[PDB]
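Single-structure report; data block below.
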Amino acid sequence: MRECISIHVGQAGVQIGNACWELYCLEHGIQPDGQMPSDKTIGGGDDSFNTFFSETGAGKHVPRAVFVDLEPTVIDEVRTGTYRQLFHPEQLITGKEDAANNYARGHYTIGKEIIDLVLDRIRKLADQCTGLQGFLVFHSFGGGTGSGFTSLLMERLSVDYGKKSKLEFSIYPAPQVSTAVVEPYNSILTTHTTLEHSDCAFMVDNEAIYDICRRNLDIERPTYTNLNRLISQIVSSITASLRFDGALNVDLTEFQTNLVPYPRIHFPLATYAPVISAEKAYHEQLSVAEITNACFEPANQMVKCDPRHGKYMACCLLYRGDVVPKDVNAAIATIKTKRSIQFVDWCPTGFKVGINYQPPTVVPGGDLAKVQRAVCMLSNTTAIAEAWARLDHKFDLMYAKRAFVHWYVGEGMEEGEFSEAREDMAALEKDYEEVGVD
Amino acid sequence: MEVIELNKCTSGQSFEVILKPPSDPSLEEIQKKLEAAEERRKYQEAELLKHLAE
Amino acid sequence: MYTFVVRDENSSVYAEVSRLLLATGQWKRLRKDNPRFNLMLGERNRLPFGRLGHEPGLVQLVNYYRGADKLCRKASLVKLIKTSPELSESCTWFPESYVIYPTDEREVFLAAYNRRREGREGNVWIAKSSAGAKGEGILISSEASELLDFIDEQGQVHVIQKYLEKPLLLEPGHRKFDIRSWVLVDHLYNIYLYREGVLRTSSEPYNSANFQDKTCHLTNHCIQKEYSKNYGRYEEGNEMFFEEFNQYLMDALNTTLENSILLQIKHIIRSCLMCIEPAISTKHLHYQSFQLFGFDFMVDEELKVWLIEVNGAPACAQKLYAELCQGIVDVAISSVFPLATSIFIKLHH
Amino acid sequence: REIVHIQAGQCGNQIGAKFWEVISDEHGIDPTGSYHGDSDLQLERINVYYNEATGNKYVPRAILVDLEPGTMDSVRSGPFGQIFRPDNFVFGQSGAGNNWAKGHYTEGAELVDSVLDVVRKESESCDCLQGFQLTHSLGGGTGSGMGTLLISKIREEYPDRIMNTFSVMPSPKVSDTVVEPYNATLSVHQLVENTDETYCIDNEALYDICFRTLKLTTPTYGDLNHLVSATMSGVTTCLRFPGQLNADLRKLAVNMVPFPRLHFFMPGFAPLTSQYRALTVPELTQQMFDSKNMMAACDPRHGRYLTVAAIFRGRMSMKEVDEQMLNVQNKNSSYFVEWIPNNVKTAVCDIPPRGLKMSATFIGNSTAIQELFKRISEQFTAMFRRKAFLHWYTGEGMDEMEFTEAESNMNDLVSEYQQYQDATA
Ligand SMILES: Nc1nc2c(ncn2[C@@H]2O[C@H](COP(=O)(O)OP(=O)(O)OP(=O)(O)O)[C@@H](O)[C@H]2O)c(=O)[nH]1
Ligand SMILES: Nc1ncnc2c1ncn2[C@@H]1O[C@H](COP(=O)(O)OP(=O)(O)CP(=O)(O)O)[C@@H](O)[C@H]1O
Ligand SMILES: Nc1nc2c(ncn2[C@@H]2O[C@H](COP(=O)(O)OP(=O)(O)O)[C@@H](O)[C@H]2O)c(=O)[nH]1
Ligand SMILES: [Ca+2]
Ligand SMILES: [Ca+2]
Ligand SMILES: [Ca+2]
Ligand SMILES: [Ca+2]
Ligand SMILES: [Mg+2]
Ligand SMILES: [Mg+2]
Ligand SMILES: [Mg+2]
């Protein structure tokens, strides 16, 4: 058994972390007080769920998680929430004032003053791991903390934990729910600085989640709570292999090995189905073929783009619920004859499939209906480069006038880091072109 | 289209389906950059305070 | 009201569409780089499809289908026809063609050529590439070696295609021609064939002897308007419209344009566009597409119709700009952005 | 995240007093500092503007400054006069005679250390000081000259804190003295350098609104100040109640100010009131963008919006809010610069202001504000080319060169705006 430490940075990272651990407790049968009746080894053990939960002699199951925000209002929710009893003070880290949506303020000005405290709290969790796998890092692209402090943390983690793997869950900025106008700056700066320190990053575009919530959950004006409970479902299906018995993606390394043949191109596209409104009492239950087919609908992707006009490097199907291999292969055979699914010439045209018999868990009283089977597809397609191109274009429009740049320089950042970061994204865009275009 | 590496456990199973075959900065360097940015902030504040003293 | 941007100032068709839209009082034009548009009249090259459909609250429509180049590039069309099961290894309406680079068919081509030589059948082929415009870069040869030599002397991928040695010749004049059909595909992937086509005719008589003279063989409007005398003696601008051509087919061949030719044209349009529909449909996309296509057809002396190429950014006949451009507004634009009989034939599928 | 409020001079104290009356009403605070509200949202961010004293009393974090006692005696006698901390009244006796030099260099110089003592005392009581807001006019002597002196001294002691002002611009239509253009031009230079955000409240616009829209034949400063307190409540709503957007002063400045000098905002409000009919979301959106609803006498159709913040208050369809905001951008698609993507941000607060079931406040960073500075610059030059009324200032130790420099800097500011009004992508 090898442990995984989750790190949640900034408002988005913290609030999504809160939703994920709520869902983990529902999935593993852990009550809000940390007790787990089904766990017969009191105060210890090396079960699959122990990869995410440690144990006290009193029988409490404690998340292997650290929460970090530069202002205390979001993390205080954790402290006074339903699952407050789960964590202890050492795991919650709040500062006095935030990065004001300013990458440079989160990375340089405030990051320098808090990084050693964060590492020390991380070191304490690591010291309880007999075989630490690595870290899962949740954060937004657009916030000053999520962008600026994360990138500093990732650099220091590569130093303090050279051999360990690091995975990201990153919230890509969407104007429909976005606060700041400088988020394209923060996104590019943090991607540039974090690129060589991340083994595999799952981008979630708030635009896509927002649209899924409006279209499938019939929520007129989705809130962060709506968005985060849907995101937590996707995160859960992605980390389930680390927390349950299985043979696919049982180690953080397996994510890189199965999804990332080229280190820089480490942003798999996630697609999830089915998303069904809980307000609908009766809903026709979708088959293996139908939910699998839905993995090739852009409307169900975590980032809106057209995989028909890209190339696949790797493709994983993660099913939860009443699924058997026979149905998966029958569905795949049909979908291949009907869909545009072109792999790069130097990769096998195939799918790694994992099935977990326990159906998805849904928060009681939430917006998602209980389904008998669901699937999350992780596909590394060049089509996700469309999301880099959009971001890079917004960056270019503002930077050509140096709009807002004085805010970053005023925190000690040099103007050259902008163009340096932008040139990195240009190379990234060219890497995707060279891999997926004829 | 063949299936391979079928692993079964009580909680589920996993396998692979093949349709067609194919054809870091140091700690000192980080502290350097952080202190460089802090010094640039200090220089700019010193200019402000000098301007205000004038 | 509705908003649109113009990013191909060189489009005769959409310059008129834009002009029509403004004259409606319900459309406003914005600067080329304003993202808050409802309609993009995009550029022919590098159209930024990946930036469409991400403006909150805007239904966005573009006048090109991403991926339609597969049909409108000479090399890609050959590859698409030979590999698409829907079009099969062999479909009877496209001339035997091969892609030759200076995934290469330089060998299978010579095989069929040698076979024809041994059969002493018509063994005339025409090499061409979508890199040459204005009749530049074509070579009609009876000898295969002359064809390949001409290819290697260039740097563009080329296709070699059997030359229709027995074309249908209009009379008087013993004159070759081709048919241009305009097809509009809307955001729902309805296929609308404009009721008015045009024949682009050769002014000089067809000479099956020497192919050196690239005039009586190439029916392109520019080659006739500059390289051939008597340009315009038979009809204005070497362009015959369907009423006259239909009347001719009746008088000369006791048949109609619909029966002898248009059935095959409609079949070929359907087959091509239905083939690529899974790959380019915007039915479940965050933005929608329509596109106007120019299909080019040959007719042989047996009244069999052959597809020659598909143009993705076609121009229009001067007499037909108004009607067709108005049709674009009604069928493709106003259908998505409503205001306050039919010139198209809907090809059901 | 505490804000420290400062009000200086006659205008600054009369407008500031009304501001505290209005928001004290919204947060449920009575004239004696006792809370008698009915919703927890009133108190969640009460600390931003109020200190808590024993007995669960709430004391405005407000400092009242003037060089004569008259107006501050009125405040202390006014409706909520007893709610202010008595130590926070700091005043002289000489007055400043509508003279920027007296406020900034002579009379004001003598009093400023006492003001900074009180400011330091409020700051020291803040768990995490967010910054300062100053209410003042630019046309007089104390608010203009001493107000900008205070901002400079505050910037010196608290260089890393945000400085925001509500600055009342003079107009010949609502004028006390001919020297107002001198005082305002001298002050604008200070503001260009030493504030992060300045709400430009134009007494010309306020008069026009009272006259043309509110149908007040003879507007008084009381009538104009009703518009200002309503506007100040609107623009501080996102600071005073739970919210995601422009939550604190620094995040707001980051989203509103693309270039450091261009931080002068045109505020707007709807509905304009001085009526029982419900106002629909479309009406709110159309009005708040209408030039007639702007508090600075500038036509937004004459320039372009760099950034816009819009705050909707009341219970309303947030879907309709997004729908109308996205709509109006298309009706004015050309008046938003295209090189700042998504530069219009919208916030909603369920608490409506007193007497309205819903309302909308508009905050625009528009290049059209250059019209306001051009107006001031012309009035300044008409007198300065003849050195008229200068002796009032040279008599206080000032030299003509200082006027020449202030005028140059404001013309630079105008040409800065014009530069970005012509800029395209
Ligand atoms: N999906 C989702 N997105 C969020 C959430 N909270 C914030 N965001 C998004 O994150 C971006 C803003 O970054 P934040 O995480 O709020 O900022 P921060 O990391 O706390 O850093 P600061 O600037 O110091 O506040 C915007 O694009 C928001 O839409 C959340 O709970 N769920
Ligand atoms: N296989 C063939 N057999 C007989 N004639 C042919 C032929 N291929 C081409 N032609 C003749 O050559 C002319 C030009 O060929 P092609 O269509 O490749 O050029 P092009 O791409 O310029 C057409 P357009 O002017 O519409 O763009 C055609 O109009 C036709 O008359
Ligand atoms: N809106 C408004 N403007 C005022 C008020 N009092 C004065 N003014 C304006 O402020 C300027 C006069 O400055 P004032 O504040 O009275 O002088 P000070 O005491 O030295 O700061 C002129 O432009 C007046 O029109 C007021 O109560 N409301
Ligand atoms: Ca145990
Ligand atoms: Ca590493
Ligand atoms: Ca004295
Ligand atoms: Ca002192
Ligand atoms: Mg935050
Ligand atoms: Mg062509
Ligand atoms: Mg006065």
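Cβ coordinates come from backbone N, Cα and C, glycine included.
Per Swiss-Prot, the feature GTP binding site maps to A:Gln11, A:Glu71, A:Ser140, A:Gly144, A:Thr145, A:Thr179, A:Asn206, A:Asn228. Taken from Swiss-Prot, the feature Mg(2+) binding site covers A:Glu71, and the record attributes it to similarity to another entry. Swiss-Prot lists A:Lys326, A:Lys370 with the feature ubiquitin cross-link. Here Swiss-Prot flags A:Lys40 as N6-acetyllysine. The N6,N6,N6-trimethyllysine annotation in Swiss-Prot covers A:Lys40 and is backed by similarity to another entry. The phosphoserine annotation in Swiss-Prot covers A:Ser48, A:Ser232. If you look up Swiss-Prot, you'll see A:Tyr282 marked as 3'-nitrotyrosine. According to Swiss-Prot, the omega-N-methylarginine annotation covers A:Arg339, on the basis of similarity to another entry.
Chain D comes within the C-beta cut-off of under 8 angstroms for the following of the recorded positions A:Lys40, A:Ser140, A:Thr179, A:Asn206, A:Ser232, A:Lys370: A:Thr179. Chain C lies within reach of A:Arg339, taking the recorded positions A:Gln11, A:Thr179, A:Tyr282, A:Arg339, A:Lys370 and requiring a CB-CB distance under 8 A. Not one of the recorded positions A:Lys40, A:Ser48, A:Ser232, A:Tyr282, A:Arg339, A:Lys370 has a CB under 6 Å from ligand 1. The Cβ of A:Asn228 (GTP binding site) lies under 8 Å from the Cβ of A:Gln15, A:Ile16, A:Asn18, A:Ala19, each on the same chain and at least six residues away in sequence.
The local packing around A:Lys326 (ubiquitin cross-link), expressed as other Cβ atoms within 10 Å of its Cβ over all shown chains, amounts to 10. Neighbour count (other Cβ atoms within 10 Å of the Cβ, all protein chains): 17 for A:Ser48 (phosphoserine). If you measure from the Cα atom of A:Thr179 (GTP binding site) to that of A:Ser48 (phosphoserine), you get 39 Å.
Looking only at Cα atoms, the residue listed as 'omega-N-methylarginine' sits nearest to A:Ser140 among the binding-site residues A:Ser140, A:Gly144, A:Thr145. Across the residues annotated as binding GTP (A:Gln11, A:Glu71, A:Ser140, A:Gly144, A:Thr145, A:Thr179, A:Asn206, A:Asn228), the widest Cα-Cα separation comes to 22 Å.
According to DSSP, A:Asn206 (GTP binding site) sits within a helical segment.
Cβ neighbour count for A:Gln11 (GTP binding site): 24 (other Cβ atoms within 10 Å of its Cβ, all protein chains included). Ranked by Cα separation from A:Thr145 (GTP binding site), the recorded positions A:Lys40, A:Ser48, A:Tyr282, A:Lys370 are led by A:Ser48. Within 10 Å of the C-beta atom of A:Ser140 (GTP binding site) sit 29 other C-beta atoms, taking all shown protein chains into account. A C-beta separation below 8 Å, combined with a sequence spacing of at least six in one chain, links A:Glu71 (GTP binding site) to A:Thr94, A:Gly95, A:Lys96, A:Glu97, A:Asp98. The candidate set comprises the recorded positions A:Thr145, A:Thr179, A:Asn206, A:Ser232. Of these, A:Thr145 has the most other Cβ atoms within 10 Å. Between the CA atoms of A:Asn206 (GTP binding site) and A:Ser232 (phosphoserine) there is a gap of 13 Å, rounded to the nearest whole number.
Following the DSSP three-state reduction, the secondary structure of A:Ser232 (phosphoserine) is helix. Sequence-distant contacts of A:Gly144 (GTP binding site), defined as residues of its own chain at least six apart whose C-beta falls under 8 angstroms from its C-beta, comprise A:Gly10, A:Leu70, A:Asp98, A:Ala99, A:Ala100, A:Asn101, A:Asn102, A:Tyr103, A:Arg105, A:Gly106, A:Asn186. When the recorded positions A:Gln11, A:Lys40, A:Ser48, A:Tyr282, A:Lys370 are compared by Cα distance to A:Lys326 (ubiquitin cross-link), the shortest distance belongs to A:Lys370. Under the DSSP three-state reduction, A:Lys40 (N6-acetyllysine) is assigned to coil, being neither helix nor strand.
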